[PDB]
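A quick write-up on the structure given underneath.
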Amino acid sequence: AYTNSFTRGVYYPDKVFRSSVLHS
Amino acid sequence: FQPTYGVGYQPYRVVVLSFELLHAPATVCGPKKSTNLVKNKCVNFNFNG
């Protein structure tokens, strides 16, 4: 069977803190 | 390997020290004396290199 992943599966790309920012 | 062979054929031991030089917290350091911490004053600083 198959299903929609929605918006799952984002993860922190690097071991750095950032805040209040839209990061590429 | 025989010691009679020319140096091109002779054995070399090789090591490769590989560094994970990351942002992540350091389990290895060069030998250096840590100072005490300071706050609210202009300072030169070094944390983990």
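By convention in this document, the chains of the structure tokens carry letters A, B, ... by their order, each chain's residues are numbered from 1, and ligands are numbered from 1 in the order they are shown.
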
Interface rows for chain A against chain B: nearest pair, Å to one decimal, 9 Å, only C-alpha atoms, as a Markdown table:
| residue | atom | partner | partner_atom | distance |
| --- | --- | --- | --- | --- |
| A:14 | CA | B:23 | CA | 8.3 |
| A:15 | CA | B:24 | CA | 6.1 |
| A:16 | CA | B:23 | CA | 6.7 |

What is the atom CA of residue B:46 to atom CA of residue B:26 distance in Å?
13.1 Å

As a ChimeraX atom specification, please: the residues near residue A:23 (cut-off 12 Å, only C-alpha atoms, same-chain neighbours under 3 positions excluded).
/A:12-14,16-20

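If you look at atom CA of residue B:32 and atom CA of residue B:47, they are 11.6 Å away from each other.
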